[PDB]
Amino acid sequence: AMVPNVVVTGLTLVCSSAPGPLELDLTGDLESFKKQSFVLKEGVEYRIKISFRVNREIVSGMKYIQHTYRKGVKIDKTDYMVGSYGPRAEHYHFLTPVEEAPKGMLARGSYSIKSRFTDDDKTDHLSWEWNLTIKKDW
């Protein structure tokens, strides 16, 4: 502290066809997000972008872990290998592979997401929670 080795600064849902920006500022109050949601139209392609800075030492085997819940029930768990990164002032941007929102009336509604950014030391660089709502339309 005040700026430790990794500072996770943002999550962005990158989607060509979304009408507005879908962004969380992860330097802020993380409790706030629990009360908000991103809307995705069903079936659309998107990527999750995590923005972060490294301050002092090279970090290796960075990993972004995402758990998805529906009705409080764990339904998906994905780990994404992020890579190795040296210290610098400029943000790094990690992007997942393209994902697809689920589709169909039965898949519509809100889901809760538990995210963690970690590494090969299993350091908790940041853990946060957010919500995704799948709709017939934007």
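Note that residue numbering follows the sequence shown and begins at 1.
Checklist entry - Which wins on mean Cα temperature factor, 124-132 or 12-20? => result Result: 12-20.
Item to check | Of 94-102 and 28-36, the one with larger mean CA B-factor | outcome: It is 28-36.
Checklist entry - Out of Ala89, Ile50, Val59, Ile113, which one has a C-alpha B factor higher than all the others in the entry? => result It is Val59.
Checklist entry - Among the modelled residues of its chain, does the C-alpha B-factor of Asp76 lie in the lowest, middle or highest third? => result Lowest third, going by the recorded CA B-factors of the chain.
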